[PDB]
Amino acid sequence: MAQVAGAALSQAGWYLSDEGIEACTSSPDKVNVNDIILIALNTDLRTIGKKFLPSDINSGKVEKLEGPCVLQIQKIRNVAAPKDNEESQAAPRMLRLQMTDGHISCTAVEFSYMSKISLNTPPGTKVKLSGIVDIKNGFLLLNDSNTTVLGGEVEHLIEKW
Amino acid sequence: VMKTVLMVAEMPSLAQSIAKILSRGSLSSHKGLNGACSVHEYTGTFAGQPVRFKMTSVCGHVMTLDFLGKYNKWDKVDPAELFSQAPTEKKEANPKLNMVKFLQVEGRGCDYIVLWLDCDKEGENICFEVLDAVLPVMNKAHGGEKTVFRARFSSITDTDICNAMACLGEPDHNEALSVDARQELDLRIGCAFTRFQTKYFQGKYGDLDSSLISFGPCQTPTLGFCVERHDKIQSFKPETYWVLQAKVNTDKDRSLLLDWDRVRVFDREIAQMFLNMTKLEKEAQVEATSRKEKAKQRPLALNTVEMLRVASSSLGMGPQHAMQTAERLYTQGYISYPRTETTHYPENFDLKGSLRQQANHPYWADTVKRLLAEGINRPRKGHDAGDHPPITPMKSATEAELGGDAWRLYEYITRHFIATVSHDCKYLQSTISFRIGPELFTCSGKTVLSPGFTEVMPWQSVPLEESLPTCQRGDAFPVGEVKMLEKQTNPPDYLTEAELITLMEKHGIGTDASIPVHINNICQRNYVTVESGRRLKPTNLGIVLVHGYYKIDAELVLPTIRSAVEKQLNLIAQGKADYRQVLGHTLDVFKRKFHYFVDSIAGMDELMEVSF
DNA sequence: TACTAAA
Ligand SMILES: [Mn+2]
Ligand SMILES: [Mn+2]
């Protein structure tokens, strides 16, 4: 059922629009949540996702983020290194990730070391944020135990730069 | 009725030393026609028969390669005929010293020749020049017995020289051919490019009239290094750091300035958030300690490159001036040969005696006596290129005896020698890790246990710092005055002589005796000026020249074509190629490059116009 | 009038 599929996506962690799931379905003969997720993962989020991230998260006020959800990375920059020398090893590696759900954009900082995310991460990949995530001064604090990479294959304009 | 042998050395000091070693105290010496070389006589046994000996020397190269007269006029030859339609002949160098006639008169009656020349690559070329000079005069062969010999040696002692005299061999022709090819290529490139550039820029812009614009396989890359450093300096965008530091006032007497684990943050908001989550705390909790033991390595044997670098950095002397001072000290009899590359003391060196001679100076008396009483540590093993032994002191000296310019060089040399012979430096490093809320901090300190060469080289010493307080994990200390500091990146400064020498050695541009010459040449041609701190700053002429070279054909400036050409020339040295073939191919490719260059000078003119 | 390099 459509309600069953939507609920399944709900506990899975994907918050997608009704028109998004209507557009992303293969054929309404026998639909499977697994194939829906697999085919949606390879597309852009701005056209299929919904609005679940609360407003004002860019600024303060809000303190904690609840729910696993799914976010899309737009850009990654190594904060602890200058722009000219991005391969310098004079500092511990800190990453600032610009994340989106299609409507509101947030910013996250690598509090601890994570190996599953690198500087050459293909833009457009999807991340799950299971657990309770700390919000400090409008910044999402990311740890290795509360971030999971779901992969991503969306057309890359990064190669141009 | 007994035959005579003739032995040629590359320098009179070497000739006299080898003659005195091989002749057990019996040596009759007299001057010759030149007045700059001496002839030594002795009687010995060679090839199983009694023989008279005659030892002499030649001052470096005997001949250098130059064009014929008609093509040395600069105004009657097109600077493109120099590549393939120009004969070249060898002409005497330093004509005041009649080397050819001296060798001819000294070798009138000899039967065997032994070449005691340097084991360098050009030693074989000098060997064959001497053989060309002497061979048509020697008294026949009287059968198939061999008359040409060559001895391989690297150290001037008793046993090494005796072994060299017992292990003779043959000379090599391919190395001489390689050196000749290198000489011909260098001449036919430099004299072709320089003529065209000088004759061009002296006819359009009058500001640089009566000035010489030179091109070569070394000067151009040397200038390129400096102008490329200038390019980095000009193309720089400063940024803004944000560093966080905190102070801990444990034991109510000391204030430790902790260092942030994360060294820098480039985002103001992230730095502010870290500061916000840290400053409202009144405790600092220790997490871990460390008491690792380390060691500072003693310096290696002295080398000409290291001596030049130290003279330029600390003593504040130019490379040419330092070389002149070293040469005067060597010829007066105070230091060894000042142009070596080896960084490895020979196994038969008299280290104990050389250290024992300098046991009366008030500066080193205690250290030398302690070393001689408690034994000497063996020197570090290093490169053993068979050129010459490293630079070591040879006689005692005092500040009154030597001048105020050579005394500093002698002091540095003897201090380096004692440091190489001496022990190592041991220091205990202590690091203490603090936690103030989420973040981490570290505090580091050093404490020396047993100084080694430090007392001989006080500038290479670990600084004295207060010992870190004792603390075990779980203790808590009061923390106060945590704050955020803002810093900006600093642009790099112009190249120094030490850095330029390091780069030239790394890229294989220039030899041991060529780096000062090239630096002085690029300074004299007004390409680069010398400023405070021994820094080389490019001028407008150098900048425009290198930029035009890059725009037209970069292969003339990049510091790898010299290495590629050396690799290509090594083929005939190893016998895997042909001299004519390699020389023709290289000359053809460079001629094509020159023809592409000649009809594209407007690219350099358009940059010359704005400058001048 | 020189030039290039190398002992
Ligand atoms: Mn030599
Ligand atoms: Mn050499």
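Taking 0.36 nm per intervening residue step and subtracting the Cα-Cα distance, what contour gain separates A:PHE52 from A:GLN98 on full extension? Working shown, then result.
Working: separation 46, 0.36 × 46 = 16.56 nm, distance 1.66 nm.
Once the chain is fully extended between A:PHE52 and A:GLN98, it gains 14.9 nm.
Before rounding to the nearest 500, sum -39500 (n - 2.57) across all DSSP H runs of length at least 4 in chain A and divide by the residue total; then give [θ] at 222 nm in deg cm²/dmol.
That calculation yields -4500 deg cm²/dmol at 222 nm.
Give a residue-ordered list of calculated ³J(HN,Hα) values for the stretch B:39-46 (Karplus: 6.51 cos²θ - 1.76 cosθ + 1.60, θ = phi - 60°; whole Hz; x for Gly, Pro).
These are the phi-based 3J(HN,Hα) values: 10, 10, 10, 6, 10, x, 10, 9 Hz.
Compute the convex hull volume of the Cα atoms of the stretch B:304-421, divide it by the residue count, and report the result per residue in Å³ as a whole number.
105
Give the share of C-alpha pairs in each 20 angstrom bin for chain B, from 0 to the last occupied bin, in whole percents, shortest bins first.
The distribution over chain B is 15, 38, 32, 13, 2, 0, given as percents.
What residues have an amide H closer than 5 Å to that of A:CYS69, excluding those fewer than 5 places away on the same chain, when H is modeled at 1.01 Å from N in the peptide plane?
Hits under the 5 Å cutoff: A:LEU129.
Any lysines with Cα under 19 Å of the B:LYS294 Cα? List them, leaving off those in the same chain fewer than 8 positions away.
B:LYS426, B:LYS446
Between A:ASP144, A:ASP84, A:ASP134, find the one with the highest GNM mean-square fluctuation for chain A; connect C-alpha pairs within less than 10 Å.
Looking only at A:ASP144, A:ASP84, A:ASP134, the biggest GNM fluctuation is shown by A:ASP84.
If each of B:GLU92 and B:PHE612 carries a label point 7 Å out from its Cα toward its Cβ, how far apart are those two points in nm?
Computed distance between label sites B:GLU92 and B:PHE612 equals 3.9 nm.
Using DSSP to call loops (not H, G, I, E or B), can you name the trypsin sites (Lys or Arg not before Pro) in the stretch A:1-88 whose Cβ has at most 12 other Cβ atoms within 10 angstrom?
Those satisfying the criteria are A:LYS30, A:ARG46, A:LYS51, A:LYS61, A:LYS83.
Per residue of the stretch B:133-144, in order, report the coupling 6.51 cos²θ - 1.76 cosθ + 1.60 (Karplus, θ = phi - 60°) as ³J(HN,Hα) in whole Hz, putting x for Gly and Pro.
Rounded to whole hertz, the list is 5, 9, 4, x, 10, 4, 7, 6, 10, 6, x, x.
If you average the alpha carbon positions of the stretch B:168-239 and of the stretch B:413-487, how far apart do those two centres end up, in angstrom?
First find each Cα centre; the distance between them is then 48 Å.
I want to make sure I understand the PRE zone here: with the label point 7 angstrom from the Cα of B:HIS361 toward its beta carbon, which residues in the stretch B:313-344 have backbone N atoms less than 18 Å away?
B:314-316, B:325-338
What angle, in degrees between 0 and 90 and rounded to the nearest 10, separates the Cα long axis of helix B:497-507 from the longest principal axis of the Cα atoms of chain B?
Its long axis makes an angle of about 60 degrees.
Take every residue in peptide B:266-276, count the Cβ atoms of other chains within 10 Å of its Cβ, and give the average of those counts.
Mean number of neighbouring Cβ atoms from other chains: 4.
What do you get for the angle between helix B:561-573 and the principal long axis of chain B? Use alpha-carbon atoms, 0 to 90 degrees, nearest ten.
Its long axis makes an angle of about 40 degrees.
Give me the extension gain from B:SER467 to B:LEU212: residue separation times 0.36 nm, minus the current Cα-Cα distance, reported in nm with one decimal.
85.7 nm
If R0 is 41 Å, what FRET efficiency do you get for B:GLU555 and A:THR148 from their C-beta distance, rounded to 0.05?
0.20
Please sort B:199-212, B:161-174 by packing, taking for each peptide the average over its residues of neighbouring beta carbons within 10 angstrom, highest first.
Those peptides, ordered most packed to least, come out B:161-174, B:199-212.
With an 8 Å Cα cut-off and a minimum separation of 6 or more residues, compute the relative contact order for chain B in percent.
Normalised by residue count, the contact order of chain B is 16 percent.
So what are the ³J(HN,Hα) numbers for the stretch A:14-30, from phi and the Karplus equation (6.51, -1.76, 1.60; θ = phi - 60°), rounded to whole Hz, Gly and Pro as x?
8, 10, 10, 5, 4, 5, x, 6, 5, 6, 8, 5, 7, 7, x, 9, 8
Provide A:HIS103, B:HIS30, B:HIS321 in ascending order of the number of other Cβ atoms located within 10 Å of each residue's Cβ, fewest first. Mind showing how you got there, number by number?
On the way: A:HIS103 12, B:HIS30 8, B:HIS321 16.
Placing the least packed residue first, the sequence is B:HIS30, A:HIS103, B:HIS321.
Calculate for chain B the 222 nm mean residue ellipticity that helices alone would give, adding -39,500 (n - 2.57) per DSSP H run of length 4 or more and normalising by residue count, nearest 500 deg cm²/dmol.
Here the helix-only value at 222 nm equals -12000 deg cm²/dmol.
Taking amide H atoms as placed 1.01 Å from N in the peptide plane, list the residues 5 or more away in sequence, or in a different chain, whose amide H sits under 5 Å from that of B:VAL482.
B:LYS247
Could you list which residues have their amide H under 5 Å from that of A:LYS136, counting only those 5 or more apart in sequence or on another chain, with H placed in the peptide plane?
Correct list: A:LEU141.
Please find the FRET efficiency linking A:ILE158 to B:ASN348, where r is the Cβ-Cβ separation and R0 is fixed at 60 Å, and quote it to the nearest 0.05.
Numbers: r = 64 Å, r/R0 = 1.07.
It comes out at approximately 0.40.
Give the peptides B:93-102, B:135-144, B:119-128 in descending order of average Cβ contacts within 10 Å, highest first. Present the calculation step by step, with values, prior to reporting the outcome.
Working: B:93-102: 15.8, B:135-144: 10.2, B:119-128: 20.5.
Result, highest mean first: B:119-128, B:93-102, B:135-144.
Give me the base-10 log of I(q)/I(0) for chain A at each q in 0.09, 0.12 Å⁻¹, Debye formula, one uniform scatterer per Cα, rounded to two decimals.
Once normalised to I(0) and log-transformed, intensities are -0.32, -0.56.
B:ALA295 versus A:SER59, label points 7 Å from Cα toward the beta carbon: distance in nm?
In this crude label model, B:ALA295 to A:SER59 measures out at 6.3 nm.
Can you tell me the orientation of helix B:602-611 relative to chain B, as the angle in degrees between its alpha-carbon axis and the longest Cα principal axis, to the nearest 10?
60
Could you work out, for the stretch A:99-161, what percent of all Cα-Cα pairs fall into each 10 Å distance bin, beginning at 0 Å and stopping at the bin that holds the largest distance?
Bin by bin from 0 Å, the calculated values are 18, 52, 27, 3.
Kindly give the semi-axes, whole Å and largest first, of the ellipsoid equivalent to the protein assembly as shown, taking each as the square root of 5 times a Cα gyration tensor eigenvalue.
Value: 68, 39, 25 Å, ordered largest first.
Within 10 Å of each Cβ in B:478-486, how many Cβ atoms from other chains are there, averaged over the peptide?
Whole-number average of other-chain Cβ neighbours for B:478-486 is 0.
Could you give the length gained on full extension between B:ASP405 and B:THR496, defined as 0.36 nm per residue of separation minus the Cα-Cα distance, in nm?
Contour length minus Cα-Cα distance gives 30.6 nm.
Using a Förster distance of 30 Å, how high is the FRET efficiency between B:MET394 and B:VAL530, based on the Cβ-Cβ distance and rounded to 0.05?
My answer for the efficiency is 0.40.
Using a simple spin-label model with points 7 Å from Cα along the Cα→Cβ vector, what separation in nm is obtained for B:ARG108 and B:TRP74?
Result: 4.2 nm between the two label points.
Ignore the peptide's own chain and count Cβ atoms of other chains within 10 Å of each Cβ in A:130-139; give me the average, rounded. Each step should come with its number before you reach the end.
Values: counts 0, 0, 0, 0, 2, 0, 6, 8, 2, 4.
Average per residue, whole number: 2.
So how far, in whole Å, is the C-alpha centre of the stretch B:256-271 from the one of the stretch B:1-61?
Centre-to-centre distance over Cα atoms comes out at 72 Å.
Cβ sites come from the backbone with ideal geometry, for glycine too, and all protein chains shown count toward neighbours. Values quoted throughout were computed directly from the atomic coordinates according to the rules given, and no laboratory measurement underlies them.
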